[PDB]
């Protein structure tokens, strides 16, 4: 299957999430896009929403944040500061095109999709929190583009309902991501084998949305069959934002890309053919040799035939058939047995 011009069955699709790590600056946003391409990412993912896309402008208990940096402010106000403006989208997509990196966005409402259609995005991203919204999922499926869905909070019934919707809307490019929580979350809670379970149960392509640090999660995801890797990206390590705690800077993201690319090539082939190095080591494989001198007409036995290294003699499969036959030639001790010697 293909995302834009990218074959995800040949290379792992590494996505750098621009997220809110532009810190409200278009200059930092454009600087981050070219650096993600320099880091080795294949696509940049921005978030397209307005506060109306996400929540309600209300003073009620449900809509005020508890305990965070916004310990008593509104959800509408939080999403306002972290929003990626519509005004930047023209420059963001064009800057990604100039740098050669792919670009797509994560919408959060119907209005964001209608705005995104003017860019004709190669793919769509459904965040974990919007996965249980069938009407939103159906609206994105009608776009007939590869859709990546985060399964962080979705139940199996909801994941099954997502599949039926994509089959209903005749959209075959559905990808499911396993989510890993950000530290101090423990490694035991990663459950990276859910990548395999997601592929088997729902017959979709699978990937990893990694909010953890290090190489354990992305490197194992490649081995587990994940073909899309998503990591949050920020240009600077002092660029404080709403996601700077679990994001990667240019150095760590480039290092993660190299770790994932090494895993890809180290996955190699299923074929059990003997490589050039394996054939060089097969010289010292077991083979049948003469463990004593054998005159013509003498019969072969355990006493004059021995399975030894190197492999220049008869293959050890001949041992039972060879035993009891008569030598056709004079065989000195240490001679490699050949066909015709018996």
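Positions refer to the first chain, counted from 1.
Participant: Would you mind comparing 217-225 and 251-259 for me and telling me which has the higher average C-alpha temperature factor in the entry?
Facilitator: The deposited B-factors put 251-259 ahead on the C-alpha mean.
Participant: Tell me which stretch, 81-89 or 234-242, has the higher mean Cα B-factor listed in the entry.
Facilitator: Per the PDB record, 234-242.
Participant: Taking the Cα B-factors listed in the entry, which of 315, 60, 309, 34 comes out highest?
Facilitator: Within the set 315, 60, 309, 34, 60 shows the top C-alpha B-factor.
Participant: Report the option among 270, 210, 112, 158 whose CA atom has the maximum B-factor in the deposited record.
Facilitator: Comparing C-alpha B-factors across 270, 210, 112, 158, the maximum falls on 270.
Participant: Would you mind ranking residue 181 by its C-alpha B-factor against the rest of the chain and naming the third, lowest, middle or highest?
Facilitator: Middle third - that is where residue 181 ends up once the chain's C-alpha B-factors are sorted.
Participant: Would you mind ranking residue 129 by its C-alpha B-factor against the rest of the chain and naming the third, lowest, middle or highest?
Facilitator: As the PDB entry reports it, the C-alpha B-factor of residue 129 lands in the middle third of its chain.
Participant: When the modelled residues of the chain are sorted by Cα temperature factor, does residue 137 land in the lowest, middle or highest third?
Facilitator: Lowest third.
Participant: Which third, lowest, middle or highest, does the C-alpha temperature factor of residue 65 belong to within its own chain?
Facilitator: Residue 65: CA B-factor falls in the highest third of its chain.
Participant: Within this chain's modelled residues, let me know which third the CA B factor of residue 121 belongs to: lowest, middle or highest.
Facilitator: Ranked within chain, residue 121 CA B lands in the highest tercile.
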